[PDB]
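Given as C-alpha cells, the chain that follows is alone and in the form deposited in one PDB entry.
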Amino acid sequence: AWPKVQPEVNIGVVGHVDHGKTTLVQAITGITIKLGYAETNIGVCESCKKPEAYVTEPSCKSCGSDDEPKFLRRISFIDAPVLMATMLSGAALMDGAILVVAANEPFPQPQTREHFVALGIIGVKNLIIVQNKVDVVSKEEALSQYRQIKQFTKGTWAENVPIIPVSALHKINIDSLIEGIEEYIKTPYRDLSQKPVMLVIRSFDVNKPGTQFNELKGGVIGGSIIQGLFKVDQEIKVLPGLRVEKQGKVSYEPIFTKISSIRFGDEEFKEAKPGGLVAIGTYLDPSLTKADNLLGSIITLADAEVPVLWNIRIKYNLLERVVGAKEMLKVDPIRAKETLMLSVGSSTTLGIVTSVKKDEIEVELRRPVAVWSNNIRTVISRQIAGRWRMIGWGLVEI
C-alpha cells in the first residue's frame, strides 16, 4: 500500500488570467483553508516506460502490470487565483512554480510577462512553463511558440526552464507534466533541527451556530510551515501577536497557546513539517482567530527568541522597469519619506523610508514584523498608476 503522509512540497500555479490553470491542477490531482489548494500522491511504475509510468494512484494497470507502483511523494498545489498582498502571500509558500501560457495566443501576453517578472522577484526559480491548449493548435504552431518562449527566456535566469505542452481540459500529455514536476521541482533539503516557524495565512472560528458552550473548540490557525516541525501539545506563540490599545497607545503582545490538533486536508497527524497547508487547532478564545484575525502572523515555539521590529534595514535590489498595461513603466530609485509596501512571509505592511543608500534602505513600519531569521526575503512595492506594483526585492538585515 501507499503511505498516508502530508504533502512535502508546495507548487505555485500561475497563469495569465484564463480558463487554464485551475483545470490544470484538476487534470493532475482530480481536484477549509482553500485558496485554490489541492494535494495529490505521485508514484511511478518501475517496469514501465516514462512518462506514462507516472501515476497518481497506486495502480500500474495502464501500463500492463498488476503490481503496485513505487510511491514517490505527496505534493500540494497553490492556485494563484488579485489584491497585491494575496499573490505575495501565496508566493511566500512556494517551493517551485508552474507558469501557464495559452498555446493559441502570442507569447508573451502582458499578464504572462508580469508573472514571469514576479516569479523572479519572489525568488521562485524552480520553474516549469506549461503550454496549455496545444490540442487547439498544430504541431508547427506549438513549435513556433516554443521557439519564441526559448528566445524570450534566453540570457535570463529562466534560460533553461523546460516547456511542457498539455491540454488541461482534454487531458493530453499530463504524465509528461508529472515527470517534469518530479525532475524540475524536487523537494528542497529540510534541516529539521531548525527552529519551527509557521506562516499563518488563515485563521478561523470553527464553531458552528448552536454549538453547546461546553463543546466549543478553540481557535484554528491555517498556514504553511517553512522550517522545523511542530507537534501536538507543543507550547507555541503567535507573533507579533495581539494589537492592544491603551488610551492613545499601541503595542503588540505575543499570543501564547498550545497545539491541540494537526490536520492536512482531512487527515489528522501527530506532527507537522514543511510542505502543504496545515490546520492547527489551539486552546485560544475563538474571538482571536475569527475571520482571518491572525493573517500575516507567524507561529513559533513559546521559548523561541524572535525580534519583533517596527524599524528594519533592508539590503535591496530594484528592477530597471515594471510591466504595465499598455506599456513598460520606469522604476524611480527609492526616495526618503516615500511610502513602500513590504512583504515579509505572509505579512504585508506599509512603511516610510527613513534612510536611502545604494544597497540598503531603512524603513519605519506602520506595524511591526516578526523576523525569525537573518536575510529573510522581502518584496518591495510602490504605488504606480494608482496600483501597488512590485519594484524590487531585498533581504531583511538584523
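Start at 1 and count along the sequence shown; that's the residue number.
There is another form of the same protein, the form deposited with a small molecule bound; it is not shown, and what comes next is about it.
Comment: the small molecule is not present in this chain, but in the deposited complex one of 169, 158, 306, 288 has a heavy atom within 4.5 Å of it, namely 169. 135 is the sole member of 253, 179, 135, 114 with a non-hydrogen atom lying within 4.5 angstroms of the small molecule in the deposited complex. Within this chain, residue 383 is remote from the site of the small molecule in the deposited complex, having no heavy atom within 4.5 Å.
Among residues of the shown chain, residue 387 is not one whose heavy atoms approach the small molecule to within 4.5 Å in the deposited complex.
Partner proximity in the deposited complex, defined as non-hydrogen atoms within 4.5 angstroms of the small molecule, places exactly one of 315-323, 169-177, 84-92, 140-148 at the interface: 169-177.
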